[PDB]
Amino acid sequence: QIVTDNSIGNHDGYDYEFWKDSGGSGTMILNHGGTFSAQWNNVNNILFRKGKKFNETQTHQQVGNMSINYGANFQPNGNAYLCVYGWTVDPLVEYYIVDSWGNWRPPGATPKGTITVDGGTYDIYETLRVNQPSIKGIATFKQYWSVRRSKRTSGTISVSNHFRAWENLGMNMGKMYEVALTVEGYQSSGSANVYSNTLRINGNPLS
């Protein structure tokens, strides 16, 4: 259940993934259901997550309503994000719904709009990754973001509301590849205890 290097699998019904580039270290402990704990030290980039991976055949509307109820003890020492994260394919898009961060509020771009949902206000952004790692190899792809205006580390994220806002703004989405509660670190160290993480699709928890 101890993951300290790149790994993808399923643990207690949740698709887990540990992903890092070279340098530093990370430790992910897979706990019950969608839960896990994470610790990182002097990394370049590291991501820890537990959610659902899909077979790339359905739009988010076809999957249905996606909602995540979570709670995490988030203790970054520097740059890190606590978020819902995933990808679409055709087009290849990496996305983030950021509820908390460390010393820097991402993603450093001019907002494209705002969404009010789940008792918060999020700024919406679109950024570009050029020849970077991806679920489909070294690629150039967009990153879509919703970033909360104030931090929080527990609550419910109505994922599908964010997708509709993005599509409303012309941020095109492809077929679902993944949706997951994620901890990301960048050129930093820290820890996070994800003690609560339930993904519901059409009101039904993952299993």
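Residues carry their position along the shown sequence, with the first being 1.
- Comparing 158-166 with 28-36, the higher mean C-alpha B-factor in the PDB entry belongs to 28-36.
- When the two stretches 92-100 and 70-78 are set side by side, the higher mean Cα temperature factor goes to 70-78.
- The PDB entry assigns its highest CA temperature factor, among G86, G137, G113, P107, to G137.
- Out of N45, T153, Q62, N42, it is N42 whose C-alpha atom has the highest B-factor in the PDB entry.
- Per the deposited record, the Cα B-factor of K175 falls in the highest third when ranked against the other modelled residues of its chain.
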